[PDB]
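Examining the three-dimensional arrangement
Here is what each chain is made of, one letter per residue.
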Amino acid sequence: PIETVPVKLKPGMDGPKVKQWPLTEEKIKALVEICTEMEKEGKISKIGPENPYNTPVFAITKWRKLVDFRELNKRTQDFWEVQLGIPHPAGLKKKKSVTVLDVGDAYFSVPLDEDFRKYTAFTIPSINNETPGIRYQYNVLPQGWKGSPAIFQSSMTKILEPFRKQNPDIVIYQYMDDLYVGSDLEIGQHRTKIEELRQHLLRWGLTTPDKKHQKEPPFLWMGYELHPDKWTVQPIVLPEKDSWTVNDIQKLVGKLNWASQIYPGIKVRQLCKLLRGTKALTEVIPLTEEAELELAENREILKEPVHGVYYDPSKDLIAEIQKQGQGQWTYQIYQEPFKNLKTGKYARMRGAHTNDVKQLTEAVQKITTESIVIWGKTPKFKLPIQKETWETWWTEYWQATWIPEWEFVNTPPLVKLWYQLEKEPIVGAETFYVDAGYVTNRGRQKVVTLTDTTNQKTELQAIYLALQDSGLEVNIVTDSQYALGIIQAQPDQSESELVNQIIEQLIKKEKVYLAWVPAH
Amino acid sequence: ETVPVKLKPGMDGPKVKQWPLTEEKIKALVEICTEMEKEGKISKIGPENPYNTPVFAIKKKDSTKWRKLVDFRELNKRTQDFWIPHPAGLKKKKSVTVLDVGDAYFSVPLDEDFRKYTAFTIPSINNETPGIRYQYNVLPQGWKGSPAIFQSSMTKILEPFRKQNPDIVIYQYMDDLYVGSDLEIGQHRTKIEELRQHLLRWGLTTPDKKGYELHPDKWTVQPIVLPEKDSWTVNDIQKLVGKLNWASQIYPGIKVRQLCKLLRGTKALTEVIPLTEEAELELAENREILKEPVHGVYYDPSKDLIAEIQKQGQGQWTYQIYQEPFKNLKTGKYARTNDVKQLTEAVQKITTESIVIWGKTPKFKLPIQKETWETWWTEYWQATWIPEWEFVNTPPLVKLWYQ
Ligand SMILES: O=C1Nc2ccc(Cl)cc2[C@@](C#CC2CC2)(C(F)(F)F)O1
């Protein structure tokens, strides 16, 4: 039927010459039957002992022929990656009706590069010992071989190609041995095209199940539950118990996460806290009062089904973003007011310290990136930030950045800049020279020496001290380019406590001028 | 008719991940490629071909058509070297116009055993389809081998116009053609257009680009500067001493002893300090030392060209082209649109200058997050080449010492 895909071994390498394991006469028997039916169908063919190559085989009444091609595969060229990523459901279009077609005898319908067959040679032992065994070789795509998946996919799409142009209404997504066919056709006309397809495939030896022997919606797929006009995630059930093991908690969190893409409100902050210090996947962690509350809240949220709507090219994509806790963002992408195509969370803490502006901006990128991936275009953004505030940070920051069309949305908590460094020294404000203590222009000083502290950490401490003892307005002079940079980036949150302490001071001051000067 | 090109010994073909594209661009590439296929420039390929090079679609400024841009960067680094030396005269021309002689490669076939390596893919939205894959049959635009292999036919196809009016210095870098001269702005665009027809009578319709001209003759370096303050506060001086101290790394002649003295004890920042004859003279010297680039900075062709860029805010940027730290071969600036649009315009601007001056593109160090650059750079980029680049987090210290 189809033209063959030329194949070659990896360079330098030669075909496999691996020993055929001993086989029971019952195994020998079952195999000769299976192998004679396959020679009757042409899948394989008998060859003479001139072929020095060989792949091991075995059998696993119920009998089946399993050929071990791992060795050959080690020697077989690399092929173009069989379908890398898979379409997120939020990116599919709404269909009136859809039919999934399972393709049987898939690989058993595509010839094999003649020039390559010899390399797939294998041998089944003859019952009588005096006599030699039978040597065959595949003429089709051998289940288990390296290129089969890719060579098959290729062919398929080459086969669907025509039918497709003759049916511009119908949408077909190919996935492994499945064939998802959808349309906006009336129930009757749909089942007809489907049968058309089924024959267009049969025409090349491709066999699929008929109308009664076909799976019907919703299609549970790759962790989702797909309807023709809507989707959702596979049903999620939060176990009930009083003894949670570290492993238990991890799986719970994992599940909880897979849900955020549709269920808004899911939180894991507290359940994740339970993993601190854990010493074995089988260690038991009692649920804190906050964790119990979280679980309960998620149970409830999960209790009532939610569902994602499909992409409607006609309309615009809107992405809305909110802050739901320090370093915690939530967003949703819709086209029609509140009809969510998809939702999600972002907690990515990029860098040791940041602020809501940098973070928020980083969320736009992720969202933007996945939007282009799922829909091919970027969504208009509705952000809890004012354009003035963004631009303030914009120009200040030494790093370039861009945010597509977006409109401010007055939905607390609005993201802001809790403090800003005066660009010029303050007249009349005391001056603190810091190097682990400090000296002011007003004669004041305090040299403290702390136990257990990094050099980098000793600096911030001094600056900290300085802030603590200073009035509402203060000028600070450090030789630490580090702390300078840190504070200069105007963080509002830090993993370090010191920082946070300092940030507290900054927010409190009326005016702070930070200056750097080389040491020594 | 094909010339046997190979890869550097032992190297395999590129397998570069294709960055997600927008439906707008993809469609553009579909039309484009469906036509290159129709013309046998490219051909659909099968699964036995595991290679890949990223492809993109950029627009031609003041032109309605889209352009397929292929990131052969990975490939070009793995392609066998080929054994005209860069003209030190071009940089000295009054005006250089840049042309897109890319369509010229479209005739020369590509050695069939090398074709597989030029494989690329047109992604599909949401992976709802496997995505269209092709390879080239003719010399591809952007591939290092193309200009080389076509070196010959070019020399010939240019030999007449070359010696006809040799008062012009023509130069080829990849798909581009840099045409320099000293004609008057009018007499230039004239003989400039003529070359365009002389080439039409040989291969492509060849459109110029950036349609404007460069004026290398006027490219001036940006020396380190110092605040010309009327009165000097303790702060002013500190920023001064500091900047100086940093610039001493490059100019050993610089001194601050007298300036540092003006900063005795624990003085209040805003305290205005009057400058002392001694120091005042020391400053003027330093200032005088900075009036020009540090001596002994020669371009070593065996080394790569690095280009760092900084954001000074206000839509203004500073850059430095060098090979060895503190030994910059050049510096300048760019002014304003948004942050990304500006950076690309700069990168491209700096690369063009680099090509004219050294006939080589530099390795950039961009102050941006990869994912952001990857997302928008193709939005304003219009050059036919793509420099190598990296992503850094510049210290607001070095940014406080330029411009
Ligand atoms: O674009 C659409 N619309 C759609 C709507 C409902 C369902 Cl259940 C399936 C689809 C579909 C698909 C698919 C595979 C990914 C699952 C189909 F191709 F139509 F089959 O892609």
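- Per the deposited record, X-ray crystallography is how this structure was determined, to a resolution of 2.5 Å.

1. As for the overall build of chain A
- On a plain count of helices and strands, chain A comes out with 13 helices and 22 strands.
- Dimensions of chain A along its principal axes, counting C-alpha atoms only, are 105 × 60 × 50 Å.
- Expressed as a percentage of the 520 residues in chain A, the buried residues total 49%.
- Carbon and sulfur atoms provide 53% of the accessible area of chain A, an area that totals close to 26200 Å².

2. Section: the pairing of strand β2 (residues 55–59) of chain B
Residues and elements named next belong to chain B.
- With respect to burial, β2 is a largely interior element, four of its five residues being buried.
- With five bridges joining them, β2 and strand β3 (residues 66–70) adopt antiparallel strand pairing. If you follow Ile58 over to β3, its bridge partner there is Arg67.
- Remark: six residues form the turn of the hairpin made by β2 and β3, two consecutive strands paired antiparallel; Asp62 in that turn has positive phi of roughly 55 degrees.

3. Observations regarding the site of the ligand
Residue and element names in this part refer to chain A.
- Taken together, 14 residues lie around the ligand, and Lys93, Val171, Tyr180, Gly182 and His227 are the ones closest in.
- Take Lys93: an N or O atom from its main chain is 2.8 Å from a nitrogen atom of the ligand.
- Contact with the protein chains covers 99% of the free accessible surface of the ligand, which is 470 Å².
- Where the shell around the ligand is concerned, the elements lending two or more residues are β7 (171–175) and β8 (178–183).
- Top contributing element to the shell around the ligand by residue count: β8, with three residues.
- Each residue belonging to the shell around the ligand can be placed in one class, and the counts come to 10 nonpolar, two polar and two charged.
- The residue makeup of the shell around the ligand includes at least three contributed by each of domain 2 (83–107 + 149–217) and domain 3 (218–311).

4. Topic: the interface of chain B and chain A
- If you look at the interface, chain B gives 51 residues, while chain A gives 57 residues.
- Carbon and sulfur atoms supply 58% of the area that chain B and chain A bury against each other, a total of about 4600 Å² over both sides.
- Looking at the side of chain B facing chain A, the largest losses of area belong to B:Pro47, B:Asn126 and B:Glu128, adding up to 14% of the total buried there.
- Between chain B and chain A we count three salt bridges in total.

5. Focus on the sheet that holds strand β7 (residues 169–173) of chain B
All names here are of chain B.
- With respect to topology, four strands assemble into an open sheet ordered β7-β8-β4-β9, the strand pairing being antiparallel. If you trace the sheet from one side to the other, it starts and ends with β7 and β9 (213–214), each paired once.
- When strand β4 (residues 95–100) meets β9, the two strands line up antiparallel, connected through two bridges. From the neighbouring strand, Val96 faces β9, where its bridge partner is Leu214.
- In this fold helix α9 (residues 339–358) packs onto β7, β8 (176–181) and β9, with an angle of close to 65 degrees to the strand it touches most, β8.

6. Describing the sheet that holds β7(A)
Residues and elements named next belong to chain A.
- Taken in spatial order, the three strands make up an open sheet running β4-β8-β7, and their pairing is antiparallel. Of all the strands in the sheet, the pair left with one neighbour each is β4 (97–102) and β7. Neighbouring strand axes in the sheet, compared pairwise and without regard to direction, differ in orientation by 15 degrees on average.
- With six bridges connecting them, β4 and β8 associate as antiparallel partners.

7. Observations regarding the environment of A:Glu422
- Of note, A:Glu422 is situated in the loop between β16 (406–408) and β17 (431–434).
- Beyond its immediate chain neighbours, meaning those up to four positions away, A:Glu422 contacts A:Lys511, A:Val512 and A:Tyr513.

8. With respect to the nonpolar core
- With 87 residues, the main nonpolar core has B:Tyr136, B:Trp143, B:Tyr178, B:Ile309, B:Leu343, B:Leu366 and B:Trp381 as its most contacted residues.
- Considering every element that reaches this core, the biggest residue donor is α9(B), with nine residues.
- With 60 residues, the next largest nonpolar core counts A:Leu238, A:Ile262, A:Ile285 and A:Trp393 among its residues.

9. Focus on unusual backbone geometry
Residue and element names in this part refer to chain A.
- Look at the link from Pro217 to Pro218: it is a cis peptide, with omega at 0 degrees.
- Along the polypeptide, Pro218 turns up in the loop between α5 (187–202) and β9 (219–221).
- The amide bond that connects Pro412 to the next residue, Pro413, takes the cis arrangement and shows omega of 0 degrees.
- Relative to the helices and strands, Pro413 resides in the loop between β16 and β17.

Each value, and the rule that gives it
- Residues numbered from 1 in each chain as written, not as in the entry; some residues may be left out.
- Chains lettered and ligands numbered in written order.
- Heavy atoms only, no water.
- Helix = DSSP H or I, 4+ residues; strand = E, 2+ residues; numbered from the N terminus.
- Buried < 20%, exposed > 50% of the residue type's maximum accessible area, 1.4 Å probe, protein only.
- Areas by Shrake-Rupley, 256 points an atom, 1.4 Å probe, with all protein chains shown as cover.
- Pairing = 2+ DSSP bridges.
- Near = heavy atom within 4 Å.
- Polar contact = N/O pair within 3.5 Å; in protein donor to acceptor, adjacent residues only side chain to side chain.
- Nonpolar A, V, L, I, M, F, W, Y, C, P; charged D, E, K, R; others polar.
- Domains from an automatic or database assignment.
- Contact = heavy atoms within 4.5 Å.
- Buried area = accessible area lost by both parts, 1.4 Å probe.
- Salt bridge = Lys/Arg side-chain N within 4 Å of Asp/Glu carboxyl O.
- Axes fitted to C-alpha atoms, helices over the stretch in contact; angles between N-to-C directions.
- Core = buried A, V, L, I, M, F, W, Y, C linked by side-chain atoms within 4.5 Å.

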